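Peer 1: Next up is a structure, given as structure tokens.
2 protein chains.
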Amino acid sequence: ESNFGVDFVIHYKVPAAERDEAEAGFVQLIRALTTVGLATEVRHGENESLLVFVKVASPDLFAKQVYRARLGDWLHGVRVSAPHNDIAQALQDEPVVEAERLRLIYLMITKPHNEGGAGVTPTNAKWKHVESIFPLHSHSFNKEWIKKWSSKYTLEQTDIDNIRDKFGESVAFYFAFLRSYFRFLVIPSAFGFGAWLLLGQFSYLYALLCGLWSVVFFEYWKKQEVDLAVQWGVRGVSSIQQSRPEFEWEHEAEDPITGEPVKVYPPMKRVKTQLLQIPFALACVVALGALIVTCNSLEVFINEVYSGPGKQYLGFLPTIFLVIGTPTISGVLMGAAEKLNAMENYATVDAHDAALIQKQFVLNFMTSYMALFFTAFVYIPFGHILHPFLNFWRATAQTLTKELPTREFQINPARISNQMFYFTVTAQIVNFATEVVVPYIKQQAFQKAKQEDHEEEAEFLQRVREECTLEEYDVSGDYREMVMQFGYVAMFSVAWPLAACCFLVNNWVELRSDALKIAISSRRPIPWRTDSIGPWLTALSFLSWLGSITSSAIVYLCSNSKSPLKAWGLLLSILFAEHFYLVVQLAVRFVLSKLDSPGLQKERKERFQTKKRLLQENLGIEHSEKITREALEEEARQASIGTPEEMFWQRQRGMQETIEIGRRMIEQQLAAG
Amino acid sequence: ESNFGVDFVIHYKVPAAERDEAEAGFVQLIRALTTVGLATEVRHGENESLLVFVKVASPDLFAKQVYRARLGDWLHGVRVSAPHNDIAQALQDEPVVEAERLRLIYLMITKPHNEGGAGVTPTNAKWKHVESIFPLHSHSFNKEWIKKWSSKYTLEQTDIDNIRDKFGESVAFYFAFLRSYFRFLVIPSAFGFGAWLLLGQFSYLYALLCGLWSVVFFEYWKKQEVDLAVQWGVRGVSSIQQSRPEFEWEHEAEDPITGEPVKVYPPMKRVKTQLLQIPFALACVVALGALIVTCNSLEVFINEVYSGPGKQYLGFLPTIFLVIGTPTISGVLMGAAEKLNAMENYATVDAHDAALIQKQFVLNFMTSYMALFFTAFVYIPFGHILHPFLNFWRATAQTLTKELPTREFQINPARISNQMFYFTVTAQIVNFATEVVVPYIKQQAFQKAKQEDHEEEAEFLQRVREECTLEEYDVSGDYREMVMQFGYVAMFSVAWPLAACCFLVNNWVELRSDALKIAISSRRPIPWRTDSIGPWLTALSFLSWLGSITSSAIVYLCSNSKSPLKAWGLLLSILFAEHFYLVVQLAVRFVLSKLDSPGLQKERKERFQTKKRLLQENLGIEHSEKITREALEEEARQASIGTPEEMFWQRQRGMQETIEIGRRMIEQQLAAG
Ligand SMILES: [Ca+2]
Ligand SMILES: [Ca+2]
Ligand SMILES: [Ca+2]
Ligand SMILES: [Ca+2]
């Protein structure tokens, strides 16, 4: 039914040929683990492997290792609350959760062996045969988790705080971002259903309301992110996570924050190499932008200028030419993104994978909006610039198949509504069939491909050999869906104002669809820590900025197709609705700064009560005669040896002499006049 | 020669008629001071007043009052360094400076009498007769300060750190802003003398270089401001300064940061009233903007369309009509700014005077740039819109003085060079005669208007009666010059690129001119504390933003007067050179974040060494048998009562059994195939 107390499982693939270092490396693995302090087992693998099963042996030593890592966080400003002074009592105050238990075990297994437990890092390449280090699922918990989340309409902060406890924080920021995005998507579904009903399409009032929402939501998430990063105690872990073994370093100095010597790469040698992605991000706009346009210039040739045979047969020819082409060019540019990401020499492993996202955001910008930036800006306002393109495909179809019958070219203004219907209805359904249904069918193809084991543990070992074949849950992958989906709302939703009503329905499925993908279709992720969503905050801030320029260039260029377009009107329509974005950015950033922040106030209270605790530890008529005694003493100590200095103060000592000379000098100053 | 140890001097004006409450209030003053712990004297005033002379009586009580206010700052996160544990030894570690001595005396004199010393606040209105509370100058220090600062070309950080020690921090941020602005003004004086020599006037390359500098300088000052606010220990005093007696409050709760009960005004009731200055800032643009234009539309009538008598006599008629008018309309709008500033109900006294600046920035924007916004944008590009204006002053001059001889109207493109020559050369000289020379002459008019005193202190009392007549140094006043002077560099310097070469010469005088104004022409200011320059950071950030729009609309509208102007070219010239400002804002904000910050690292080191001090106080082969002993114990404690759980771990205990079954299960898995 349940796991047998098993913390982690290491796979350790052994090949038939070249088993000479796999057998001796198994000795080098199974005895390196026991020096850390964790017991082991070995069972039969799937075909040709050795699942070893580790658990921490003595909890009286592990309870001292949680406390040694709780103080290690609290010294670094991560935890706002200090642990309790009595050892083995702070665990009774706050328990150890299943995320903090598996994280410190994984830091014991993966470490450079000089500062922690051991190294079973697969990138060390001496442990080449170590295939996967993964924790087991809790199938009595996943059965309740899908049941509890499907029997409720809205979620609750307590229902995310038990995803923090078991799947770490890096997973539980996604479900806390998706909940705080499905609830903010009611607001463009409020007036978006309004401006589809009352106003016409391409309404300027909706293009301002959806510029206000995209900065109300984004600046409220940054205020909700430092409330979760305090309450979960994950406040600023960007400088704490373990460095990389491939981190080359120029020289080694001392850390001015801490004192311990660290490896130092000079940052102005890194900004010179980080600058080199400006010709990269221009090259990805050029390369992938030339494929989507050439595919769409052919797709407008088959549909709009054609009369020959097979209009529906040849209509699927561009879409085949895209989905074969677009992973080939993306695979080449990722070969240039990866060979540039190692050249930038990132220190922490969390800031190396968070720069592979910003170098893959440009590849996943052009593949999702150049199909719409070509329709809304080139095709629908002034599409007669395509006559070089539509004469090329005539001359491409003359030499292949007599004159081919081609009709006259006419701009169809419904192409912006057909393409937004695909990206908001069809490409959300077929994404749901790809996310959930297709891997759920793929286990039946593993069922077709189905061993001297023991009969007591036979049901449990049948599950672990099944669980090894699944892929690790890439939580950066599901952020990429909910940020591109933010793009169609911020940028292109003015062209189809129901596009927030068919994402609110999809996100409420996606809040449970992605919860299904953790349970049945992926192994349990290693519980990492993040303080933010990462490099998506610079991707939500870019689409929300662009979503005030292209959501107002659409409402000018495309509304006149339902007068000539003049260039002074467009550049004024950009200038007002981008400055309105920058003004309402400054209004929301000023209003939310005036609100009560229960994250920093929980932090700045414990910082104050630390010093007030430190203060009370070390520090545990009658005043007028103190005035007189020191005044006569100053004359007494200068009576031995002055004349213009201390004889100035001794004339009016005390106060009763002072009011006497004070009152006598009032009539003496007023009887003269 | 020097003051006789006198800390402060209270003036206490007493009138002839209504002396009934001045005599009894003098008793209520001179005995309220002695309950605090400071000695007093009374001497003859100037004509009809009573200068009382206070000093702290016993330094053994004052040394405990500095320490009670050093811990009061360190508990609030102001001071990054805790004081020494031994009492009367932290004064030997760091001494008490003359700014921190006079500040705690002024907090003893001015306080609500329930939490501190006493109340001699003149706004209490029971101490109505108390005129001025001021500390005396050190005329042996001012003689060296002008000598040391005039005998050097460049200044030094040590030469500002002894202005922190004696004139407080609120003065010494001005001299540290003026030094960090005169040194950054070399850079537009570098290529500004270049682009005046090499390129022509209205050069677009200078309009980008002066948009880059205005964000390099502004984002380097914000990095230099948290380096001074740590080193001087003034880190974040915005929530520490004393509240106002006129602060009305709705209810009283507890402070979540501290715990002590405070008076609470709900901030969303304040943002509703702070929003009301948007019709105010529109009204100041309308009111003062209609005076400067009507004055300039008359000034272009006398100079450009006129042939009658007295062209130089009538030419000074608009400038007389401005300098009489513009303080009358400004005095009315400040009557509306002050009656709105009390309606916003600010808590601290430092945030009440820092919102009177932002409500006087609009009055001091239009009075300094509407003379140039009318020339550069209305007169010089397309000035034939002034023909309604230039026909009005014809009909105004027909009915006053036969037909008047008027010549033909022609646009003179040298008006942008004549007006920038006034604002950069003439209005800096005549500002220097107004700042220094005119008050230095005004003491000779006090010498013409020149008493039963004592002959020993007669030279000292002759100086204090002279020093009472001076005005308090308003350090907000000299910021207003160096921010308007930043405006002509950021906005209008592209029209006259030598305008940075005649401000670099002026600032090097102003760095010593304003140092002369503290010594001889103003009394010593009370040493307050600020963490920033205040509301000028939102005024430098606005002029540097506007200085990428109007410094690029000038270079398009005015360069063609040396082709027709098209509106699509202007809105594109704004859109590129404002987005270039927002891009180079993001480059400088990212580069300077990667640099080493010695302010926060001095703060985040002492915060770490506090907890490491707190940690060491309370906390002051062989491992494989610990694995074995707990594994046999877990079977031992379950031997009494399981079968699928603990009998899973006991099969391979230790590690030598594990490699034995591990190696035997390698050939058993590979001899089958
Ligand atoms: Ca989906
Ligand atoms: Ca997803
Ligand atoms: Ca001046
Ligand atoms: Ca000045």
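For the record, the sequence lines run as chains X and U. Under the numbering used here, read the first sequence as residues -17 to 655, first letter to last. Under the numbering used here, read the second sequence as residues -17 to 655, first letter to last. From the three backbone atoms N, C-alpha and C, an ideal C-beta is built for every residue, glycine too.
Hey, is X/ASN346 close to ligand 1, as in C-beta under 8 Å from one of its heavy atoms?
Peer 2: No, Cβ of X/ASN346 sits at least 8 Å from all heavy atoms of ligand 1.
Peer 1: Please enumerate, following chain order, all residues with a beta carbon closer than 5 Å to at least one heavy atom belonging to ligand 2.
Peer 2: Spelled out in chain order, the answer is X/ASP460, X/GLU463, X/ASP496.
Peer 1: Where do the N-terminal and C-terminal ends of the alpha helix (DSSP H) with X/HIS26 fall, by residue?
Peer 2: Here X/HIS26 belongs to no alpha helix (DSSP H), and DSSP marks it neither H nor E.
Peer 1: Given a cut-off of 9 Å on the beta-carbon distance, is the pair X/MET90 and X/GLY193 in contact?
Peer 2: The answer is no: Cβ separation not under 9 Å.
Peer 1: Listing by chain order, which chain X residues have their CB less than 7 Å from the CB of U/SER40?
Peer 2: Chain X residues near U/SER40: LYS608, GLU612.
Peer 1: In whole angstroms, what separates the C-alpha of U/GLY(-13) from that of U/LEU354?
Peer 2: Distance between the alpha carbons of U/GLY(-13) and U/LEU354 is about 52 Å.
Peer 1: Pairing CB atoms from the segment 539 to 553 of chain U with CB atoms from the segment 12 to 31 of chain X, are three or more of them under 8 Å?
Peer 2: No contact exists between the segment 539 to 553 of chain U and the segment 12 to 31 of chain X.
Peer 1: According to DSSP, simplified to helix, strand and coil, what is U/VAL60?
Peer 2: U/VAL60 falls in the coil class under three-state DSSP.
Peer 1: Can you give me the C-alpha to C-alpha distance between U/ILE603 and X/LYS593, rounded to a whole angstrom?
Peer 2: Their Cα atoms are separated by approximately 44 Å.
Peer 1: Determine the DSSP secondary structure at U/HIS366, reduced to helix, strand or coil.
Peer 2: DSSP places U/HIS366 in helix when its eight states are reduced to three.
Peer 1: Starting from X/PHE630, find everything on chain U with Cβ-Cβ shorter than 9 Å and list it in chain order.
Peer 2: Within 9 Å Cβ-Cβ: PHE(-14), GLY(-13), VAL(-12), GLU23, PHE35, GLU438, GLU439, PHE442.
Peer 1: Measuring CB to CB, does U/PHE149 end up less than 9 Å from U/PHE(-10)?
Peer 2: No, they are not a contact pair.
Peer 1: Run the CB neighbour count on U/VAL168, radius 10 Å, all protein chains shown included, and call it buried at 16 or more, exposed below.
Peer 2: Its Cβ having fewer than 16 others within 10 Å, U/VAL168 is exposed.
Peer 1: Name the chain X residues that come within less than 8 Å of U/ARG586, Cβ to Cβ?
Peer 2: Simply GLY59, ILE239.
Peer 1: Just how far apart, CA to CA, sit U/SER196 and U/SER526?
Peer 2: When rounded, the distance between both Cα atoms is 6 Å.
Peer 1: How about U/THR532: is its C-beta nearer than 9 Å to some C-beta of chain X?
Peer 2: Answer no: the Cβ-Cβ gap between U/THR532 and chain X never drops below 9 Å.
Peer 1: Less than 8 Å between the CB atoms is what I'm expecting for X/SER114 and X/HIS(-7), so what's the real figure, rounded?
Peer 2: That pair is a contact at about 4 Å.
Peer 1: At a threshold of 8 Å, does U/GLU454 count as lining ligand 5 (C-beta to nearest heavy atom)?
Peer 2: Although ligand 5 was asked about, the structure shown includes only ligand 1, ligand 2, ligand 3 and ligand 4 as ligands.
Peer 1: Just mark X/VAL305 as buried or exposed, buried being the case when its beta carbon has 16 or more other beta carbons within 10 Å.
Peer 2: X/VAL305 should be labelled exposed.
Peer 1: Starting from X/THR276, find everything on chain U with Cβ-Cβ shorter than 9 Å and list it in chain order.
Peer 2: Neighbours of X/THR276 on chain U: none; closest Cβ ~29 Å, over 9 Å.
Peer 1: Ordered along the chain, which non-local residues of its own chain (more than five positions away) have a Cβ less than 7 Å from that of U/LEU296?
Peer 2: Result list for U/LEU296: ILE284, in chain order.
Peer 1: Note down, in chain order, all residues in the segment 539 to 552 of chain U with a beta-carbon under 7 Å from any beta-carbon belonging to chain X.
Peer 2: Taking 7 Å as the Cβ-Cβ cut-off against chain X, the residues of the segment 539 to 552 of chain U that qualify are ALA549, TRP550.
Peer 1: Taking 8 Å as the cut-off, is the beta-carbon of U/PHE468 closer than that to any non-hydrogen atom of ligand 3?
Peer 2: Because no heavy atom of ligand 3 lies under 8 Å away, the Cβ of U/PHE468 does not count as near it: no.
Peer 1: Using three-state DSSP, classify X/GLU236 as helix, strand or coil.
Peer 2: Three-state DSSP puts X/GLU236 in a strand.
Peer 1: Can you tell me which of X/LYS584, X/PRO170, X/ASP460 puts its alpha carbon nearest to the alpha carbon of X/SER495?
Peer 2: Per the Cα distances, X/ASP460.
Peer 1: At a Cβ threshold of 9 Å, is U/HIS334 touching chain X?
Peer 2: Not one chain X Cβ lies under 9 Å of U/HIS334.
Peer 1: For the pair the segment 619 to 630 of chain U and the segment 434 to 447 of chain X, tell me if three or more CB-CB distances fall below 8 Å.
Peer 2: Output reads yes: the segment 434 to 447 of chain X touches the segment 619 to 630 of chain U.
Peer 1: For a quick check, are the C-beta atoms of U/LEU493 and U/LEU210 less than 9 Å apart?
Peer 2: In this structure, U/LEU210 does not lie closer than 9 Å to U/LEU493 by Cβ.
Peer 1: Shortest alpha-carbon distance to X/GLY290 belongs to which of X/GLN651, X/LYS384, X/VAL78?
Peer 2: The candidate whose alpha carbon is nearest that of X/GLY290 is X/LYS384.
Peer 1: Can you tell which of X/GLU649, X/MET637, X/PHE572, X/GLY644 has the C-alpha that lies nearest to the C-alpha of U/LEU257?
Peer 2: It is X/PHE572 whose Cα lies nearest to the Cα of U/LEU257.
Peer 1: Output the residue ranges of the beta strand (DSSP E) runs that lie fully inside the segment 80 to 146 of chain X and measure 3 residues or longer, sorted by chain position.
Peer 2: Counting only runs of 3 or more, we get 115 to 117.
Peer 1: Determine the burial state of U/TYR404: buried for a count of at least 16 other Cβ atoms within 10 Å of its Cβ, exposed for fewer.
Peer 2: By the 10 Å Cβ count, U/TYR404 comes out exposed.
Peer 1: Can you find a CB in chain X that lies within less than 9 Å of the CB of U/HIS26?
Peer 2: Output row for U/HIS26: interface = yes.
Peer 1: Hey, how far is the Cα of X/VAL446 from the Cα of X/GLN426?
Peer 2: Rounded to whole angstroms, X/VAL446 to X/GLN426 spans 17 Å at the Cα level.
Peer 1: If you reduce the DSSP assignment to three classes, tell me which class X/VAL(-9) lands in.
Peer 2: Correct three-state label for X/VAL(-9): strand.
Peer 1: Of the choices U/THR388, U/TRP375, U/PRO421, U/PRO363, whose alpha-carbon is the least far from that of U/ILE398?
Peer 2: That would be U/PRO363, whose Cα lies nearest to the Cα of U/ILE398.
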